[PDB]
Amino acid sequence: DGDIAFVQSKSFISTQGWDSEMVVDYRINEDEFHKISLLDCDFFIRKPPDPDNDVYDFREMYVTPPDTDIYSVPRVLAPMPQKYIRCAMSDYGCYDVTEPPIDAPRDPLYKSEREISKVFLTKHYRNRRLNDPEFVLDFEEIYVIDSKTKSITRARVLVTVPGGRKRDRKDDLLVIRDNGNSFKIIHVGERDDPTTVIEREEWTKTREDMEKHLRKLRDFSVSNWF
Amino acid sequence: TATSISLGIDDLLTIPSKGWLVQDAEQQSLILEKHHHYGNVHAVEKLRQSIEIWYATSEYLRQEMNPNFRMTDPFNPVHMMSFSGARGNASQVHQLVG
Amino acid sequence: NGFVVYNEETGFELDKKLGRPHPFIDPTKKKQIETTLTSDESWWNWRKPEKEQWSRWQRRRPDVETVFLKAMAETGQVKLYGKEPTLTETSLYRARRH
Amino acid sequence: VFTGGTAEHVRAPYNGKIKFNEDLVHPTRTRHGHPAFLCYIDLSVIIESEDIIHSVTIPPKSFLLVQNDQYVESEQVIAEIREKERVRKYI
Amino acid sequence: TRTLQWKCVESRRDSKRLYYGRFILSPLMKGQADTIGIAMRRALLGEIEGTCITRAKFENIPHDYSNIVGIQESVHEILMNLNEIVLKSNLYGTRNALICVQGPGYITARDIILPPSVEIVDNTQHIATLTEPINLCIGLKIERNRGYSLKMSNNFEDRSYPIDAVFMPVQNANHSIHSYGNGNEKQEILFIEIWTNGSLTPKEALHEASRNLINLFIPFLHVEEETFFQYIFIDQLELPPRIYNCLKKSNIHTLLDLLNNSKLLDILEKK
Amino acid sequence: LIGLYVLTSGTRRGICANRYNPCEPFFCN
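Listed in order, the protein sequences are those of chains A, B, C, D, E and F.
Heads up: the first sequence is residues 109 to 334, going by the authors' numbering.
Heads up: the second sequence is residues 51 to 148, going by the authors' numbering.
Heads up: the third sequence is residues 184 to 190, 199 to 289, going by the authors' numbering.
Heads up: the fourth sequence is residues 345 to 427, 435 to 442, going by the authors' numbering.
Heads up: the fifth sequence is residues 10 to 237, 269 to 302, 319 to 327, going by the authors' numbering.
Heads up: the sixth sequence is residues 536 to 558, 578 to 583, going by the authors' numbering.
Right, here's the structure in full:
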């Protein structure tokens, strides 16, 4: 419930069912669109008027190279909604902390910049506002904007919380993993410690590396692990 | 001073497979020498094999020295002295553990 | 919808998952090595010498790892593949000795 | 020193027997006197180990020092990759 | 000519939680200045009692989540802010502090209800920021231990979140030695440099470190009240074969091995 | 150079830090 007011504009041109790798001759008004800036592309989603910029209209979307005017059509890979929804926008990427060469005096020793590879749009449950005391994120409906493919899809989310669709959303905990591809919902009481998450990934990597290093020994087949 | 890096007799870690490789090289050298006596190979062929089979073994031990130190004993005192570049190089360490 | 989904082993593949002592190669998946050249389908220089040769490397080098690994084997803290710790196990011991 | 160039030794990464078609390679005698095969194509050799097969590609103009169905220990030289002072040898 | 005297040469207070002090001790004989500086540094770093919050109970809050409504800071960050609170006290054992506050505003160290013997060094330290008009009661656990001491009991688990508090009131300490010669008069000058977090002045930390050191070596002066033939072997001495085998099984070869373990004695005593 | 190398030689990682597959203090400053 809680459907947002389905208003209609005058510049609305629906891009659904269009070719992906083709440009549109006209130019859009950026004020009417959400501007999502990623590493390889800039993504535009229609922005219906709202007191807070949370309402998204996926009926018309455009993708352009970063800071460019030649709009295109994103490679839609999922049934995007036909109604206004409130999505929490959180980026997903890495920090490219680099040490640039120093030629001019007082040049920075380091250059820290954040590169965005994916952007997640998590729908608010029942389109409730952030200021609502009953606000909670509906992790079932998450949309991923990939910069590398310049495409937008829907997250394949596995729900492991007991309770089904009638569960209490306040105990949900979305666990994004595998380069923003595996989405899993778990109970908040089952949250892994950040130290455990790092050690678990390091243990798996080093174990495989150690085995490959020991594999070249000729008594490997008659040896145990410990 | 606080960490007090110090090398001992057993700190000079040798490649685990040195015994196998040296034993394999001896078997090839012994078999070839036996047939050189039989006359199936000539002196130059024996001379080349003796030099090359022991040089290839020595280079392989040097090649495998660092990955063995990294994968098994990263904080080996002899390894850290050369790997960090503080003192010595791989060739000098190879004279000690290879 | 269609994007939302609502919802262990034993012995090997569980010790391997948890890191508990287990063979490196699964015994149930260890293929028997096929028959090879019988010193008559093979050239010289690859035949067995028909008489074991003295090598001076025939004995495995005594190590701190071997003694501790054997001591840990009888304590039950570790489980080796056989009675004697292999060079792979001693090399693995150095990595996880601490 | 004796190969007159850069020589790389392809060593067996796993124990087991080597399977390859000996007709695809040409017989030769190495500089050490050992018989071997000369490989002029992109020959692929199979090492059937205890666990799985471990196909290895042998580049051309490289000596193959092993035989078909021969058992090879790990870290044992299989092939030599081959990609002028005159000395008198008194005997 | 001179007597062993000490003086404060530098004293700075460029914070409410950062005090600096440099002290000179002179004249000292050769080798003494290093001994005094080493022991004093150990006393300053760990042997000085420090007071800080160890546990935090979030009363009336059954959320048990990482964040609560009306507070910008997360629960974990609130504990981090509590861990930075600098306290001075003379308490023995453990006490309880309470933080019950109003709705919107800033929670500072001034808002902590304190047990009688403790004080807030800097009341401007930020705890949490309040946005919604909701009351918040926090149950603190004030404890006073040494830096080197360790504690294992952590109130089990009763929704009280432990705070890994470091008990150092002396942030840093360092000593320097200046040696002066007059041909044959080798006197040493010891410089003590103390940084404190405001819970005690560097002059006070100098005295407490000296007293704590003295209290360590007082027990050594305590007194208590008063109340009123390898070269001879078991083979040589004639022994029964039954006894001989038993001793040999126990590696009793000489007579000394026999007396070290406790009609055998009748035959033995004559020889 | 040895002393600096030891300082920056950080934590043991992976199988060199934990005996079993998992399947730390916080400092404010």
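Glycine included, each C-beta is placed from N, C-alpha and C at the ideal position.
Asked	Found
At a Cβ threshold of 8 Å, is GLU417/D touching chain A?	yes
Scan the segment 292-321 of chain A for residues whose Cβ lies nearer than 8 Å to a Cβ of chain E and list them as they occur along the chain.	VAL296
Is there a C-beta anywhere in chain E that falls below 8 Å from the one on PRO557/F?	no
In the structure shown, what three-state DSSP assignment does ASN235/A receive?	helix
Cβ of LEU209/C versus every heavy atom of the ligand FMN: is any distance shorter than 7 Å?	The ligand FMN is absent from the structure shown, which contains no ligands of any kind.
Alpha carbon to alpha carbon, how far is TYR272/C from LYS261/C?	11 Å
Can you tell me whether residue 194/B is helix, strand or coil according to DSSP?	Limits of chain B in this structure are 51 at one end and 148 at the other, which puts residue 194/B out of reach.
Look at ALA65/E and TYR170/E and say whether their C-beta atoms are less than 8 Å apart.	yes
At a Cβ threshold of 8 Å, is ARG326/A touching chain B?	yes
Under 8 Å between the Cβ atoms of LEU147/A and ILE253/A?	no
To which residues does DSSP link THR401/D through a beta bridge?	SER388/D
Would you say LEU271/C lies against chain F (beta-carbon separation less than 8 Å)?	no
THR350/D to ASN556/F, Cα distance in whole Å?	44 Å
Is the Cβ of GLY538/F closer than 8 Å to any Cβ of chain B?	yes
When you compare the CB positions of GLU424/D and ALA356/D, do they come within less than 8 Å of one another, or not?	no
Would you verify that the beta carbon of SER255/A is, or is not, closer than 8 Å to some beta carbon of chain D?	no
What residues of chain F sit near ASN76/E, judged by a beta carbon separation below 8 Å?	None at all; the shortest Cβ gap to chain F is about 17 Å.
If we count the other Cβ atoms within 10 Å of its Cβ and call it buried at 16 or more, is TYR415/D buried or exposed?	buried
By alpha-carbon positions, which one of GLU207/A, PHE166/A, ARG194/A ends up nearest to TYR233/A?	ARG194/A
Roughly how many whole angstroms lie between the Cα atoms of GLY360/D and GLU394/D?	7 Å
Can you give the beta carbon distance from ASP127/A to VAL181/A, rounded, assuming they're within the 8 Å contact cut?	6 Å
Taking the beta strand (DSSP E) that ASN183/E falls in, what are its first and last residues?	179-189
Look at the Cβ atom of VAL84/E, then the Cβ atom of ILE94/E, and state whether they are nearer than 8 Å.	no
Taking only three categories from DSSP, how would you classify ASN365/D?	coil
Which residue from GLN124/A, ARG299/A, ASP317/A, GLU140/A puts its Cα closest to that of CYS551/F?	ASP317/A
Below 8 Å on C-beta distance, what does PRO357/D contact in chain A?	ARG323, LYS324
From this set, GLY156/E, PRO281/E, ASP120/E, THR44/E, which residue's C-alpha is nearest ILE186/E's C-alpha?	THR44/E
Closer than 8 Å, CB to CB, is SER108/B near chain A or not?	no
Count the other CB atoms, across all protein chains shown, that sit within 10 Å of the CB of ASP173/E; report buried if there are 16 or more and exposed otherwise.	exposed
Please list the terminal residues of the continuous alpha helix (DSSP H) segment that includes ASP317/A.	302-323
Please state whether the Cβ-Cβ distance between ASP60/B and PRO127/B is less than 8 Å.	no
Assign residue 244/E to one of three DSSP states: helix, strand, or coil.	No atoms are given for residue 244/E, which sits in the stretch of chain E between 237 and 269 that the model skips.
Can you look up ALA351/D in the DSSP assignment and give me helix, strand or coil?	coil
Since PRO371/D meets chain C, which of its residues come closer than 8 Å, beta carbon to beta carbon?	None at all; the shortest Cβ gap to chain C is about 10 Å.
What separation, rounded to the nearest whole angstrom, lies between the Cα atoms of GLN249/C and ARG98/B?	26 Å
Using a Cβ-Cβ cutoff of 8 Å, what residues of the segment 243-269 of chain A are near chain C? List them in chain order.	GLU248, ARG262, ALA263, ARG264, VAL265, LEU266, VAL267, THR268
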